[PDB]
Each structure stands twice: as structure tokens, then as C-alpha cells.
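Take a look at this single chain in C-alpha cells; it is the form deposited in one PDB entry.
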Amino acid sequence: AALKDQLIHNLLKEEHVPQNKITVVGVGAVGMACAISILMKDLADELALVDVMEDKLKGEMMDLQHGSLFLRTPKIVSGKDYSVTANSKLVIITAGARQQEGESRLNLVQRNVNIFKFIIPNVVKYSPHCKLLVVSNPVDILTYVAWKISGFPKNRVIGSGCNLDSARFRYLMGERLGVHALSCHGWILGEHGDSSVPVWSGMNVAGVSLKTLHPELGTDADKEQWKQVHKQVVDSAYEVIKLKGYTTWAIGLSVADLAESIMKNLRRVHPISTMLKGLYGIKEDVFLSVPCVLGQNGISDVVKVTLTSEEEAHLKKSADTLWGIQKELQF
């Protein structure tokens, strides 16, 4: 007898199961950039959002909601309570402290391990079967922390790790060479940030090995100084942060990418972080970035890059370093 009723004759009794649901935890700069790129790539049929800052949270949800006319994600929901979160296929954690200008990512660790103690039990409790994508820094360490607190088998705990570093290196390499990044190939592995490993042997355009063409590639004999390029990758979070206070867009895009392979079962290979005890020389429970095949069940295989001898020693030190820190943590 309502207006609505004179107009829509109903015929089917309404229950709901979201069929392709993503959750972003943390709606700060990174969480919101991840949100917008997911919405614009149509990866979900439900997006849920949680954060402890209630007003910001509800303010961001409405901003996004008022743009539904222009999206094809028919449902956007939010809450402090994880129930809004239930049955997500994918949950992205972007919650936590971030670097002040000058600050290392490692100084972040104690603050964000506490945050994780609280979040991860609540996520795995409403979405027992999700894939977890970890973005908060220091990301390898925090990926491990998510792994341990949750109980999940390890194909299902994923860290973004060097996906960003690698995307920045390919951006700088095309810019040097004058070719789109889509066409410059090249892998940054190991730890996100200070001590990632640039794998010079597999850099190429059109299958054309750059280091075979130019044997000094990335040493100190290099007159054309391709170390400065990795160095520029290393130093970019600091340079962006110093300029605009934080980084948001590049990681949002890079995270939407990772979700795409998850939601569409693509099986593309990404430099992401995973639990690699048993491989690359490593015996501790550490997360580092290595090329991983990513699809609807998380990481199911790992490509076995052929590393030089120092390159495997770079990796082993990071494994040593990460574990010394982890030894000390408490769950």
C-alpha cells in the first residue's frame, strides 16, 4: 500500500549470500586507495570496511556509496564490529601505525603487532576461509604474525611485499629506456624496503637480457649506474613521504592487481611474500618475496629463480634478521 508496493510486485523471498566479497581493514590513506581501485575494477559484488575510528569509517562508506551510480558493486557496508565482514573471499589488512618522515618501517613493529593481536582473530572468526592479504608495515614480519595468530595454512596468508618495489623498478626502467613499464621486465625480491634484492640476471626487454648485453649491469664498474635505479626504488617511500606525507595510490593499484588474480583465479606470477622455509636456502619460518603463482586459493606454487651466490646470501641474512625479531614476539 506504500508507494514502493504499488510499483514493484515482489516474487522472491530475500536472503543474501555475498558471492564475491572483499573486506578492507583500515580505511586510512592505503585502505581507501585499495577500496577505490577495487571498486573501479569491479572485482567484488560486496565491499565491506572496518576501522576503530567510527566516524571516519562511516564518512568514507557514505562517500563511496554516493558514487554507486558510477560503479557496478552493488553493496558497500561498514562497521567496528567484524560481523559486517563475514564470508569474505578476501580480507586486506591495511591497519596500523605508519612512518613519520625519516622513520624506518621496523620501528613500526611493536605497535602493529599489538593491533594484529586484535584484528586477526576477528577476521578469521567471521571469514574462516578467506585469503588474507597483508599490507601494514613492516609487511614481511607482519605477514608472519598474521600467519601465526590465524592458524591458516600458508597458501592463504599473503603479503604484498615487493609487488610495489617491483612495479617502481619497472616504472624507472621504461623511463630510462623509453618503453612502457608493461614492457620492461625485472624482479625485486627479498624484503620490502631497505634490503630488497634486485635480480639483474632476469631484466630484459623482448627476452633480451640486459646484463648479458652489458656485463657490468648493476656492479660498481657500471658507467651507466643501474644500481642507482635500485637505490631509487629503495629510497622512494622516504622521498614520497617527505614530499606528501605518506604513499597511497601506487600501493592501492598494486593491491587491486593482486586481488584481481585472486578473485579471477588467474594464476599470474607476482613478487609477493610467502612462507619460504625449505626453499632458497632457508630454514626459519620467515616471509619473503619470491615469484609466486597466485589464484583463487592463494599461493600454490613458487617459481624457483636461479640466484647468484651473493643473491642467496642476501636472502639468508634477511631470513636471519627477520627471525631474530620474531623469536622475540609473543602469541
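So that the term is clear: the rigid core is the largest set of C-alpha atoms that superpose within 1.5 Å between two forms. Numbers follow the displayed sequence, beginning with 1. Residues that one form lacks are left out of the comparison.
Below, we refer to the form deposited in another entry, which is not included among the displayed structures.
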#### Entry: Option from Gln100, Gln232, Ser195, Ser183 moving between the shown form and the other one, CA shift at or above 2 Å, rigid core reference
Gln100
#### Entry: Change in CA distance between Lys231 and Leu106 in that other deposited form, which is 3 Å or more, as closer or farther
farther
### Task
Sticking with residues common to both forms, list the runs of three or more in a row where every CA moves 2 angstroms or more between the shown form and the other one, core superposed.
97-108
